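Novice: The structure follows.
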Amino acid sequence: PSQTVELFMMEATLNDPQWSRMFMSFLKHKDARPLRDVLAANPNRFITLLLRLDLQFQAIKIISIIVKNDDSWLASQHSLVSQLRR
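The sequence shown maps to residues 1566 to 1616, 1635 to 1669 in the entry's author numbering.
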């Protein structure tokens, strides 16, 4: 998962709507426990990418997929809530 996330989250790939749509199909698969874990452990890229509207929307979309199946999480006071508040 380490090499794949760095290639699929690149801005040049995220600009094309077809590439983004195909990626979301992969991320919604139920057998991605070893794949979605690395996304939740790397919030640095999200901060630099969340803060051009379509790219922000894709940042908005990716959050739901990692939260809709991982509700028992995010009980701290980290900056992700602060950026979403802004």
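Beta carbons are placed, not taken as given, at the ideal position from N, Cα and C, and that holds for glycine.
Using 8 Å as the threshold, is the C-beta distance between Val1570 and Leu1604 below it?
Specialist: Contact: yes.
Novice: Alpha carbon to alpha carbon, what distance is there between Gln1639 and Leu1615?
Specialist: Computed Cα separation, rounded: 5 Å.
Novice: Which one of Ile1645, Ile1649, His1661, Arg1635 has the shortest CA to CA distance from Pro1599?
Specialist: Of the listed residues, the one whose Cα sits closest to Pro1599 is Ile1649.
Novice: What residue from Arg1668, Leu1663, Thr1578, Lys1651 has the CA that sits closest to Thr1613's CA?
Specialist: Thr1613 has its Cα closest to that of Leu1663, out of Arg1668, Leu1663, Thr1578, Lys1651.
Novice: Would you verify that the beta carbon of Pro1566 is, or is not, closer than 8 Å to some beta carbon of chain B?
Specialist: In summary, chain B is missing from the structure at hand, where a single protein chain is found.
Novice: Have a look at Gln1660 and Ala1577 and give me their C-alpha separation to the nearest angstrom.
Specialist: Approximately 32 Å, taken between the alpha carbons.
Novice: Starting from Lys1651 and walking both ways along the alpha helix (DSSP H), at which residues does that stretch end?
Specialist: Its alpha helix (DSSP H) spans residues 1636-1651.
Novice: So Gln1641 and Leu1579 are supposed to be a Cβ contact under 8 Å. How far apart are they, rounded?
Specialist: About 6 Å separates the two Cβ atoms, so the contact holds.
Novice: I need the DSSP call for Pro1582, collapsed to helix, strand or coil.
Specialist: Correct three-state label for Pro1582: helix.
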